[PDB]
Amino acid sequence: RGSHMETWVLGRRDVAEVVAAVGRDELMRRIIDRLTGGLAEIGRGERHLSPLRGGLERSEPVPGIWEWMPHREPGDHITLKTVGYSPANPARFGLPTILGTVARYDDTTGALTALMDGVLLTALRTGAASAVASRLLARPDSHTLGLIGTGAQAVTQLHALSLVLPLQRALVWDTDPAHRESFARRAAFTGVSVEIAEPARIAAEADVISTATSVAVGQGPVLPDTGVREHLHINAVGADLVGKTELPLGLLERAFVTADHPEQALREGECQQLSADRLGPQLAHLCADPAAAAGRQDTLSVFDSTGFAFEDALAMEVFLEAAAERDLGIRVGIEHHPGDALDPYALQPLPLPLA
């Protein structure tokens, strides 16, 4: 009837090809630009924040969560990221803590049209979001980045931030000695000099900090409440379980705090520690009217990052566009579309080879 629909699958080999072909820096800039425009759209009321996401707490081996994150563009498509936070992963299985995929469904028919790896895309859009926030809230001559947690997100935090700020040094800490010791290797491609530094030194020297740890519920802060530079900006990225926090309450209460997604942040971000009156205007507001950020670069600021599906949808479109140009991915007929729409058993087998 209509032309046969199939699901366009970009797995790990194609996603690697997009990175090699576009270039890491260009790909990240594309994501930054698309996020910036989309957040400003939300800030103008032209689009909406994603609905709250849902999830299943897992107790074992270590407390974790598996979430589904929908975003609908009415009449167009529905994006659904499915993603696990499993922080025993790298230590028990050799896997990323964050493992997921992103799928797109036609909003008109419901058909699954595309499916791709969520691991790299997640890391990219999360670094991008910190870059968006830091352009607005970090001093534009920031030279020193601090990183607490030097696992996966840390790599793209450094990368994104190195594209928007004149970073000269990264001072880095992880409670796992092997993970902080390998960071420099992982960070080499950015050109930014790396030094292992304890949290107190990070707090004392950084212009900009990103916290992105797997700290357990009840076990923060990961950055001690000591001396910070007056203009410090922090991207508080770590987040999973209710009860999981990274920053000291005291520090938050001296900061201009902006959430990506306030309803979410107030339940599972750093803002879970705060009453709502202690939040400034949300990131989308700042994107749409950057004058709202006036004077905030020069005093303490916190971006409370939690992640939401709109970010995944935008990043996925960047990937799909680049994959379309470069002829990447496979086409798989996953859904059964019977030749008679009213007959579940109108099934077509694999054609016979020509003998």
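By rigid core we mean the largest C-alpha set that fits within 1.5 Å across both forms. Heads up: residue numbers just count along the shown sequence, starting at 1.
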| item | value |
| --- | --- |
| Of 53-61 and 308-316, which departs more from this form in 7 other deposited structures of this protein by CA RMS after core fitting | 53-61 |
| Which of 289-297 and 44-52 strays further in 7 other deposited structures of this protein - Cα RMS after rigid core alignment | 289-297 |
| Mean C-alpha temperature factor, higher of 99-107 and 224-232 | 224-232 |
| Residue range whose averaged C-alpha B-factor is higher in the record, 312-320 or 291-299 | 291-299 |
| Largest Cα B-factor, entry values, listed residues 260, 207, 246, 176 | 176 |
| For residue 33, the third of its chain into which the C-alpha B factor falls | middle |
| Among modelled residues of the same chain, the CA temperature factor third for residue 60 | highest |
| Chain-relative CA temperature factor third for residue 341 | lowest |
| Chain third (lowest, middle, highest) by recorded CA B-factor, residue given as residue 190 | highest |
| Modelled-residue ranking by C-alpha temperature factor, third containing residue 328 | middle |
